[PDB]
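Since the structure comes first, as structure tokens, the remarks are kept for the end.
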Amino acid sequence: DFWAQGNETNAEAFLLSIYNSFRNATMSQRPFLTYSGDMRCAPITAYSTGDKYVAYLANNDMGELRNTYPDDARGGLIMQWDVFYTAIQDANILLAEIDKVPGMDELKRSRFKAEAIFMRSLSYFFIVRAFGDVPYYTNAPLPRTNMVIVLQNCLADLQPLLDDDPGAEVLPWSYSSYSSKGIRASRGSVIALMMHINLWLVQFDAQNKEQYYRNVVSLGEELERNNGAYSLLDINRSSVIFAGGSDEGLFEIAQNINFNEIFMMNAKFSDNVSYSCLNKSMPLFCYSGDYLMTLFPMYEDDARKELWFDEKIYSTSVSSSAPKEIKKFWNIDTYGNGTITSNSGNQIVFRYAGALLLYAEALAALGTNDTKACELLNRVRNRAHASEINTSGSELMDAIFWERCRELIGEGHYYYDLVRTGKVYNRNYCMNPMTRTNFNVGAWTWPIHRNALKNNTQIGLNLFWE
Ligand SMILES: [Cl-]
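In mature numbering (1 follows the signal peptide of the UniProt record, and there is no 0), the protein residues as written are 17 to 156, 161 to 486.
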């Protein structure tokens with residue numbers, strides 16, 4: 017009925033409910049993205065020890081996180097994949113039913129299908145990164165499917181979106197409407213996701229890593245056919261990047277304060293690392309000054325130092341009396357009854373600087389063109405007014421890893437980059453590492469909440485936490 021007697025407008029509303037569910041899973045009903053991607057194994061300390069989840073995340077004490085916060089948005093909810101599966105199941109429905117909509121525009125029909133496939137793939141990717149093996153279905161009780169299979173099947177679903185649409189008509193490179201720009205899947209969204217999926221396959225299906233890296237290079241070459249749709253904004257216009265809808269964004273989760281589409285405060289990295297614009301005496305947490313002295317060396321130029329951090333960047337104080345904040349994302353606004361957020365912007369899931377660094381990373385790992393890898397890296401270095409890098413081999417691979425840590429701080433990549441590179445168990449790259457043995461038995465995953473077992477009797481838990 018909804019479909020067979022529907023129309024483009026109702027099909028689009030249904031598609032937008034898929035985006036809504038993904039937003040709920042990541043930002044609006046759970047602080048999933050920032051807990052799982054920024055905070056976990058990060059060298060961070062709470063200003064108030066009563067905020068126990070900060071240390072638990074820092075220390076990978078995920079079992080104590082689940083005992084202290086069993087059901088709520090500081091732990092247990094994040095351990096539930098239910099909201100991502102709402103997105104997945106609605107994508108499955110749209111794909112099964114949309115051909116029934118009488119006489120709608122066929123370009124729009126093809127676009128909505130492409131967007132639904134993208135969002136399904138993005139949801140599966142996000143839950144694989146958090147949970148490991150996950151139940152896999154595309155039919156509108162199943163066991164957990166091998167994460168390598170899930171990732172490979174996602175890649176297979178996404179590839180045709182590029183190959184069948186050589187003109188970027190069904191998914192354009194970018195949208196000119198503010199109602200779509202950054203927040204509806206584009207060709208660039210698809211490319212970035214595929215690069216991430218390949219790089220996860222490098223870690224977890226390593227026997228085929230040469231092919232996955234080659235895939236990322238291929239994807240980079242395609243990204244660079246965007247003909248000026250994407251660009252790196254000036255570093256002094258950083259707030260324009262993080263507001264959302266900029267020419268640097270590749271995929272973003274929409275926030276719209278005026279329309280009551282508001283992320284949880286605790287879900288927004290910015291709101292956890294700011295105080296002066298929020299009428300608070302200190303933020304939720306801060307980064308080690310030693311870490312930031314490593315990350316942003318004091319004797320080398322880098323405009324991110326001045327523009328993204330306050331003057332206490334290197335402070336080793338974790339004192340209430342001497343707080344420090346990160347100002348990278350500031351786009352301050354108020355809503356409801358006087359509630360202030362430091363970041364009214366979209367959450368930037370993938371952006372062009374990140375994708376250029378992934379392209380560089382893959383090239384450097386293949387060892388086939390270190391000069392081009394440097395060129396890519398240096399586009400990001402030059403935008404930050406940091407020194408150009410001219411190196412090769414292991415030094416180049418390290419440079420690109422550390423550059424992603426500098427460039428993407430607070431955007432939900434830190435922990436996940438550590439996992440997919442194996443650096444999460446290496447003290448040379450992570451201040452709060454886990455052990456390699458613990459990694460090998462699944463200590464990089466989140467616990468799976470018992471609610472997942474009610475919903476599906478064929479599900480085994482993540483046993484490191486059991
Ligand atoms: Cl990225």
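We treat Cβ as the ideally placed atom computed from N, Cα and C, and that holds for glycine.
What does residue i pair with, by DSSP beta-bridge criteria?
i: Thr25; result: DSSP output for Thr25 lists no bridge partner at all.
i: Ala62; result: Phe305
i: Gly269; result: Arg371
i: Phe329; result: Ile346
i: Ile409; result: BP columns for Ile409 are empty, so no partner.
i: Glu281; result: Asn276
i: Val150; result: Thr165
Can you name, in chain order, every residue of its own chain whose Cβ lies under 7 Å from the Cβ of residue i, other than the five neighbours on each side?
i: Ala384; result: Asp390, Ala393, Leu416, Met417 and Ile420
i: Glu80; result: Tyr72
i: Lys68; result: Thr84
i: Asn166; result: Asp149
i: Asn398; result: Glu408 and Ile409
i: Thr477; result: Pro161
i: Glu242; result: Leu182 and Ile211
i: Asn235; result: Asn218
Name the two residues that bound the continuous beta strand (DSSP E) containing residue i.
i: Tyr85; result: Here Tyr85 belongs to no beta strand (DSSP E), and DSSP marks it neither H nor E.
i: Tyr355; result: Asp353 to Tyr355
i: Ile114; result: Per DSSP, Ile114 belongs to no beta strand (DSSP E) and is neither H nor E.
i: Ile94; result: Note, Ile94: premise wrong, no beta strand (DSSP E); not H, not E.
i: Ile360; result: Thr359 to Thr361
Identify, in the order they occur along the chain, each residue of the same chain with its Cβ nearer than 6 Å to the Cβ of residue i, setting aside the five sequence neighbours on each side.
i: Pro467; result: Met78, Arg82, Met95, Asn482 and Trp485
i: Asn246; result: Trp193
i: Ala20; result: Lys116
i: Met43; result: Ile273, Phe283, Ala287 and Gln367
i: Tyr232; result: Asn218, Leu221 and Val222
i: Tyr295; result: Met302, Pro303, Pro343 and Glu345
i: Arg127; result: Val190
i: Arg145; result: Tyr436
i: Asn228; result: none
i: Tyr152; result: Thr165 and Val170
Measuring straight from C-alpha to C-alpha, what distance separates residue i and residue j?
i: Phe38; j: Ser139; result: 7 Å
i: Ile409; j: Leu221; result: 28 Å
i: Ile133; j: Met451; result: 37 Å
i: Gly187; j: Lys129; result: 17 Å
i: residue 7; j: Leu312; result: The requested residue 7 does not occur in the structure, where the chain is confined to residues 17 to 486.
i: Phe30; j: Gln105; result: 12 Å
i: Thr50; j: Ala375; result: 20 Å
i: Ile255; j: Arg424; result: 15 Å
i: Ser414; j: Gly462; result: 27 Å
i: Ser137; j: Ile169; result: 13 Å
i: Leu110; j: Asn460; result: 38 Å
i: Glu131; j: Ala205; result: 6 Å
i: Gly92; j: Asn76; result: 15 Å
i: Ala472; j: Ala103; result: 16 Å
i: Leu386; j: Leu378; result: 12 Å
i: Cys174; j: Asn458; result: 27 Å
i: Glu381; j: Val237; result: 9 Å
i: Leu123; j: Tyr195; result: 15 Å
i: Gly248; j: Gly365; result: 23 Å
i: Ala58; j: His433; result: 11 Å
i: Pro86; j: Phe48; result: 15 Å
i: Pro453; j: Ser197; result: 44 Å
i: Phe271; j: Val369; result: 6 Å
i: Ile34; j: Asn40; result: 10 Å
i: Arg257; j: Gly53; result: 25 Å
i: residue 160; j: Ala373; result: Residue 160 falls within a stretch that is absent from the model, since the chain runs 156 to 161 with no residues between.
If you drop the 5 nearest sequence neighbours on each side, which residues of the same chain put their C-beta closer than 8 Å to that of residue i?
i: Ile360; result: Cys297, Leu298, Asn299, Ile352, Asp353 and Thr354
i: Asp322; result: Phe316, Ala404, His405, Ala406 and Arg426
i: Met120; result: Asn23, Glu24 and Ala27
i: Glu320; result: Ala406 and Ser407
i: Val444; result: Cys57, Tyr435, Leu438, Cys450, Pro453, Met454, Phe459 and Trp464
With a threshold of 7 Å (Cβ to nearest heavy atom), would residue i be considered close to ligand 2?
i: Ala212; result: Summarising the ligand content, the structure contains ligand 1 and does not contain ligand 2.
Need the endpoints of the alpha helix (DSSP H) that residue i sits in, please.
i: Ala263; result: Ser258 to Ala263
i: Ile211; result: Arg207 to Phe224
i: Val70; result: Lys68 to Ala74
i: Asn475; result: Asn471 to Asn475
i: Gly240; result: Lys229 to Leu243
i: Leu397; result: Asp390 to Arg403
i: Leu438; result: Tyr434 to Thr441
i: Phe459; result: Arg456 to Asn460
i: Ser196; result: No alpha helix (DSSP H) holds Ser196; DSSP gives it neither H nor E.
i: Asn452; result: Here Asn452 belongs to no alpha helix (DSSP H), and DSSP marks it neither H nor E.
i: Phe289; result: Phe289 to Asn292
Q. Counting pairs of beta carbons, one from the stretch 261–272 and one from the stretch 335–344, are three or more of them closer than 8 Å?
A. no
Practice task
Spell out a yes or no on whether the stretch 161–181 and the stretch 208–219 are touching, meaning 3 or more CB-CB pairs, one atom from each, closer than 8 Å.
Solution key: yes
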